[PDB]
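In what follows, a single structure is set out as C-alpha cells and then discussed.
What's counted below: heavy atoms across the whole structure, side chains too, no hydrogens, waters or symmetry copies. Each chain gets a letter, A, B and so on, in the order the sequences are listed, and its residues count up from 1.
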Number of protein chains: 2
Amino acid sequence: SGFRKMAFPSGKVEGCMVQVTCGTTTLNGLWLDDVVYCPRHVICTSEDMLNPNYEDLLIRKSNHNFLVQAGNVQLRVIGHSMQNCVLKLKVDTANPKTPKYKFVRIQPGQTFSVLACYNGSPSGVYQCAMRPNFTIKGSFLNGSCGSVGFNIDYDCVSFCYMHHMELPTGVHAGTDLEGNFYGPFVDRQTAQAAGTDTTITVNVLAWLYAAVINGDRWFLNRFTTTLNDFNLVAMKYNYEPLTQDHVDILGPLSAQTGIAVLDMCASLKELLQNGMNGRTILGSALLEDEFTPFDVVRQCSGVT
Amino acid sequence: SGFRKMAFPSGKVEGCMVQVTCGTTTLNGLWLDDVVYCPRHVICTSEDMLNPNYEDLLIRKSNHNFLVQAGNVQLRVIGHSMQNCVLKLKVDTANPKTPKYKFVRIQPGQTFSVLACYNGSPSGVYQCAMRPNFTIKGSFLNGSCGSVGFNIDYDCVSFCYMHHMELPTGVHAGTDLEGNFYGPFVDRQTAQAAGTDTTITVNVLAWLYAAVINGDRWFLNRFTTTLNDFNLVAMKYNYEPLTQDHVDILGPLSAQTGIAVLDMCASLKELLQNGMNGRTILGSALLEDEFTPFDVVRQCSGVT
Ligand SMILES: Cc1ccncc1NC(=O)CN(C)S(=O)(=O)c1cccc2cccnc12
Ligand SMILES: Cc1ccncc1NC(=O)CN(C)S(=O)(=O)c1cccc2cccnc12
C-alpha cells in the first residue's frame with residue numbers, strides 16, 4: 001500500500017550522461033552508441049539568444065570545438081551534424097554503458113522521468129508529464145539543458161525528452177531525441193507564452209482508482225454520469241475532454257476495483273463542483289494528473 | 001526555476017540490489033562488499049508472523065538455505081548472522097559495484113530516497129521523509145521488503161533505511177542498516193499503531209523559501225512573530241515545535257531571499273489560520289514538509 005510519485009530507476013540513463021562544452025557554454029549531452037546528442041543552442045553565446053541563425057553559427061564550428069567529457073575522460077569528436085534543434089556529435093568510442101534504447105515522441109498527458117544533470121553529472125530524478133500545452137513543469141537551472149526524459153520497459157530505455165529551455169513563466173520546453181520541440185516552442189529568447197494548462201482528465205481518474213486501491217474512498221459517491229455530461233463539467237473546469245479511448249484504457253482499473261469508469265467520472269464531477277472541503281486524497285489536497293493509467297497499474301502491481 | 005520532489009540518482013544503489021530467498025519467502029537484499037543485508041523476517045513463514053522467535057527460527061537455517069541472486073547469477077553464502085532485525089549474509093564475492101558508503105541513522109524530519117525493489121529488481125525511486133512518529137509514507141507491496149532508503153553526498157551513499165513492514169493504517173516501518181527499527185515498531189504482525197503524524201515545521205519553512213525563490217510569493221505578508229508565539233500556533237495545528245537550531249539551519253535561505261526566518265514563520269502562521277483559499281504554492285494545495293532546508297539549497301543551487 002501507499003502511492004507515491006515515482007520515477008524510473010535512473011542508472012541506465014546516468015551511464016549515458018556526458019558534458020558538452022562549445023566555447024564558453026557548457027550543458028549536458030546524451031551518449032548512446034558513438035553519438036552524443038545535445039541541444040544545438042550549445043553553440044550560441046547568451047549575447048545572440050534573441051535571433052540565432054543556427055546554420056550560420058554552426059559553419060564557424062569544427063569537431064575540435066565541441067568538448068565532450070564522460071566522467072573525467074575526454075571523448076574524441078569525429079563528426080557533427082544538426083538534426084532539427086539537436087546536435088549529434090559522432091565520437092570515436094561507443095558508450096560501453098549504452099542500454100537498449102528507443103527514441104519516442106510522446107503525446108500530451110504522457111508521463112516520464114527526468115534525470116536532471118549539471119556538467120554531465122546527475123543531480124536528481126523526478127517524474128513529469130507532457131502538459132496539454134506541450135510544456136513540462138520541471139526543475140531546471142542554467143546548465144541543466146540536455147538533461148533527458150525517459151520511460152523504461154524492463155531493460156529498454158525510451159528517450160522522449162531533452163531539455164532546452166525555460167519560458168518567462170518558469171515552465172519548460174524541449175524536444176524529442178530527433179530535435180523536434182514539443183509544441184510551438186523555439187530555441188530563441190523571444191515572447192513564447194504557453195497556452196492553457198488544462199488538467200489531464202484520464203490521469204486524474206487513474207489516480208482516483210489508485211486512491212480507492214489504497215484505501216482512500218471518501219470521495220466515492222452514489223452517482224453516475226455520461227461521457228457527454230461529464231465533458232460539459234470537464235470543459236467548465238479546464239479539464240481535457242474524456243474520450244471512449246480513455247474509458248477503454250481505464251478498463252483494467254475499473255475491473256480491479258469494480259467501479260465503472262462513468263461512476264468514477266461522477267465522483268470526479270462532484271469533486272470539481274464541491275471541492276475537497278479540506279480533505280485529502282493520497283496525501284494531496286488537489287486532483288493529481290501526472291499518473292497515467294499505465295503508471296497506476298505498474299505501481300499498484302510492482303512491475304520491475 | 002521550478003521545484004520538484006526530487007530523489008537522488010539511483011544507479012549506485014541499483015548496483016547493490018540482490019534477491020534473497022529463504023524457503024518460500026523472497027525479498028530484497030543490499031549487497032555491499034562481501035555482505036548482503038536483508039530483513040530477518042525472510043526466515044519466517046506468514047503462518048508464524050504473530051509471534052516469531054527469530055533466534056529459534058534461525059537455528060534451523062544454514063548458509064545453503066539463503067539463496068542470494070545478483071541479476072541472474074547465484075552468490076555463494078559462506079556465513080550468516082543476525083544483527084538486531086537484519087541478517088548479514090557473508091558471500092564469497094565482494095560486490096564489484098560497491099559504491100563508497102556509510103550506514104547512518106537519521107532523525108525524524110530527515111528526507112531520503114527509496115529505491116523500491118521486487119525480486120532484487122528496481123521498480124522505481126521516490127523521495128520520503130522519516131515522519132515525527134517514525135513511520136514513512138512509502139509505496140511498498142509484498143516483496144518490497146529489503147528495499148533501502150539513502151542519501152548521496154557526491155559519490156558516498158549514506159544508507160539510512162531498510163523496509164521491513166506495513167502497519168494496518170498503510171504506513172511503513174523499517175530499520176537503519178544496523179537493524180534497529182525507527183520508532184517503537186517490531187517485525188511482528190501485532191497491534192502497532194503509529195503516534196501523531198505531526199508536520200515537520202522546519203521543512204515547511206524551507207519549502208516556503210523555495211516557493212519565494214521560484215516566484216510563488218502571494219503568501220508573503222506584512223507580519224512577523226516570535227518563536228514562542230509561532231509555537232503556540234504550531235502546537236494547535238500539530239506542527240513540530242520550531243527551535244533556534246531550526247532557525248539557524250534556515251539562515252542561508254533567509255540570507256538568499258532577504259526574508260527573516262520569523263517573518264516567514266508569520267506567513268506560515270497566517271497560512272495555518274486562514275488556509276490556502278483555493279490557491280496553490282509550488283503546485284501544491286497543502287503545505288509540503290518533505291523538503292529539508294538542505295534539499296532546498298541543493299535543488300535551488302544544482303548540487304551534483
Ligand atoms: C536558464 C535556464 C534555466 C532552465 N532551463 C533552461 C534554461 N536556459 C535557457 O532557456 C536557454 N536560454 C538562456 S535562451 O535565452 O533560451 C538561449 C537561446 C538560444 C541560444 C542560447 C545560447 C546560450 C544560452 N541561452 C541561449
Ligand atoms: C505486505 C507488505 C507490504 C508492504 N510492506 C511490507 C509488507 N510486509 C510486511 O509487513 C511483512 N508481514 C507480512 S508481517 O506479517 O509483518 C511478518 C512478520 C514477521 C514474519 C513474517 C514472515 C513472512 C511474512 N510476513 C512476516
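Taking both residues in full, the closest heavy atoms of B:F185 and B:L167 are given as CE2-CD1, 3.6 Å, listed atom of the first, atom of the second, then distance. Nearest heavy atom pair, residue A:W218 against residue A:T280, reads NE1-O, 2.9 Å. Between B:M264 and B:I259, the shortest heavy-atom contact is N-CG2, 4.0 Å. B:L87 approaches B:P39 most closely through the heavy-atom pair CD1-O, 4.3 Å. Taking every heavy atom of both residues into account, B:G138 and B:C128 meet most closely at CA-SG, 4.3 Å. Nearest heavy-atom pair across B:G15 and B:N95 is O-ND2, 3.0 Å.
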What do the steps show when you test B:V36 against B:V20 for side chain to side chain contact (heavy atoms under 4.5 Å, CB included), and what is the final call? CA-CA 9 Å; B:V36 173; B:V20 181; 3.8 Å; yes

Start with the C-alpha gap between B:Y54 and B:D187, add the side-chain angles, then the distance that decides, and say whether side chain to side chain contact (heavy atoms under 4.5 Å, CB included) holds. CA-CA 10 Å; B:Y54 286 103; B:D187 48 358; 3.4 Å; yes

Before you tell me yes or no, could you show the steps for B:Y101 and B:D33 under side-chain hydrogen bond (donor to acceptor under 3.5 Å, both in side chains), namely the whole-Å CA-CA distance, both residues' side-chain angles and the distance that decides it to 0.1 Å? CA-CA 10 Å; B:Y101 74 90; B:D33 299 324; 2.6 Å; yes

Evaluate the criterion side chain to side chain contact (heavy atoms under 4.5 Å, CB included) for residue pair A:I136 and A:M130; output intermediate values, then yes/no. CA-CA 5 Å; A:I136 76 165; A:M130 175 55 53; 3.7 Å; yes

Applying side chain to side chain contact (heavy atoms under 4.5 Å, CB included), run through B:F3 and B:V296 and close with a yes or a no. CA-CA 9 Å; B:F3 200 78; B:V296 172; 3.9 Å; yes

Using side-chain hydrogen bond (donor to acceptor under 3.5 Å, both in side chains), reason through A:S147 and A:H163 one step at a time and then give a plain yes or no. CA-CA 5 Å; A:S147 293; A:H163 187 48; over 6 Å; no

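Between the A:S10 side chain and the A:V125 main chain, no donor and acceptor come within less than 3.5 Å of each other. A donor-acceptor contact shorter than 3.5 Å is absent between the side chain of B:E270 and the backbone of B:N221. Of the possible polar contacts, none joining the B:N274 side chain to the B:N277 backbone as a donor-acceptor pair under 3.5 Å is found. Of the possible polar contacts, none joining the B:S158 side chain to the B:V104 backbone as a donor-acceptor pair under 3.5 Å is found. At least one donor-acceptor pair closer than 3.5 Å links the side chain of B:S123 to the backbone N or O of B:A116. B:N28 places a side-chain N or O within donor-acceptor distance of the main-chain N or O of B:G143, the cut-off being under 3.5 Å. Checked by atom type and distance alone, the side chain of B:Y37 never pairs as donor or acceptor with a backbone atom of B:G179 at under 3.5 Å.
Annotation: B:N228, atom CG; neighbour count of heavy atoms from other residues, nucleotides and ligands within 6.0 Å does not exceed 12. Residue B:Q107 places its CD atom among 12 or fewer non-hydrogen atoms of other residues, nucleotides or ligands, all under 6.0 Å distant. Residue-environment remark: CZ (A:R279) exceeds the threshold of 12 foreign heavy atoms within 6.0 Å.
Note that the CD atom of B:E14 and the SG atom of B:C117 stand 8.0 Å from one another [nearest 0.5 Å]. One finds the NE2 atom of A:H164 at 8.0 Å from the SG atom of A:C145 (value rounded to the nearest 0.5 Å). Here the straight-line distance linking atom CZ of B:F103 with atom CG of B:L30 works out to 6.5 Å at 0.5 Å rounding. Atom CG of B:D263 sits about 8.0 Å away from atom OG of B:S254, to the nearest 0.5 Å. For the atom pair CG of B:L27 and CZ of B:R40, the computed distance is 13.5 Å after rounding to the nearest 0.5 Å. Once rounded to the nearest 0.5 Å, the distance linking OG of B:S267 with CG of B:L272 reads 11.0 Å.
Side-chain contact check for B:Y237 versus B:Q273: some heavy-atom pair is nearer than 4.5 Å. Looking at heavy atoms from C-beta onward, B:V247 lies in side-chain contact with B:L227 at the 4.5 angstrom threshold. With contacts defined as side-chain heavy-atom distances shorter than 4.5 Å, the pair A:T196/A:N238 qualifies. No side-chain heavy atom of B:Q127 sits less than 4.5 Å from a side-chain heavy atom of B:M6. Side-chain contact between B:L32 and B:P99: present, with at least one pair of heavy atoms (C-beta onward) separated by less than 4.5 Å. At least one side-chain heavy atom of A:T26 sits under 4.5 Å from a side-chain heavy atom of A:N119. A:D289 places none of its side-chain heavy atoms less than 4.5 Å from the side chain of A:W207. Using a 4.5 Å heavy-atom threshold, the side chains of B:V157 and B:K102 count as separate.
The closest side-chain donor-acceptor pair between B:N133 and B:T135 falls under 3.5 angstrom. Donor-acceptor pairing under 3.5 Å is recorded for the side chains of A:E166 and B:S1. A donor-acceptor contact closer than 3.5 angstrom is absent between the side chains of B:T292 and B:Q110. In summary, the side chains of B:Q299 and A:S139 do present a donor paired with an acceptor at a separation below 3.5 Å, with no hydrogens or angles considered. In this model, no donor atom of one side chain and acceptor atom of the other lie less than 3.5 Å apart for B:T175 and B:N180. A donor-acceptor contact under 3.5 angstrom links the side chains of B:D295 and B:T111, judged on distance only.
A salt bridge is defined here as a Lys NZ or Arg NE, NH1 or NH2 lying under 4.0 Å from an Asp or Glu carboxylate O, and B:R131 with B:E290 meets this definition. Salt-bridge formation is detected for the pair A:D197/A:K137: a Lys NZ or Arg NE/NH1/NH2 atom is positioned less than 4.0 Å from an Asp or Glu carboxylate oxygen.
Applying the salt bridge (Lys or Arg N to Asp or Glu O under 4.0 Å) rule to A:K12 yields no partners; only residues at least two apart in sequence or on another chain are considered.
Stacking of B:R105 on the aromatic ring of B:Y182 is recorded, both the 6.0 Å distance cut-off and the 45° axial limit being met. Seen from the ring of B:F291, B:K5 counts as a face-on cation partner, given the 6.0 Å and 45° thresholds.
Among B:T198, B:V204, B:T199, B:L205, the one residue that satisfies the side-chain contact (heavy atoms from CB on, under 4.5 Å) test with B:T201 is B:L205. Put simply, the residue from B:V202, B:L287, B:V233, B:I200 that forms a side-chain contact (heavy atoms from CB on, under 4.5 Å) with B:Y239 is B:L287. Considering B:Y161, B:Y126, B:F150 in turn, B:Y161 is the only one that fulfils the ring pair (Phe, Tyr, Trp, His ring centres under 6.0 Å) rule with B:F112. With B:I281 as the partner, the side-chain contact (heavy atoms from CB on, under 4.5 Å) test is satisfied by one option alone out of B:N214, B:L208, B:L286: B:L208.
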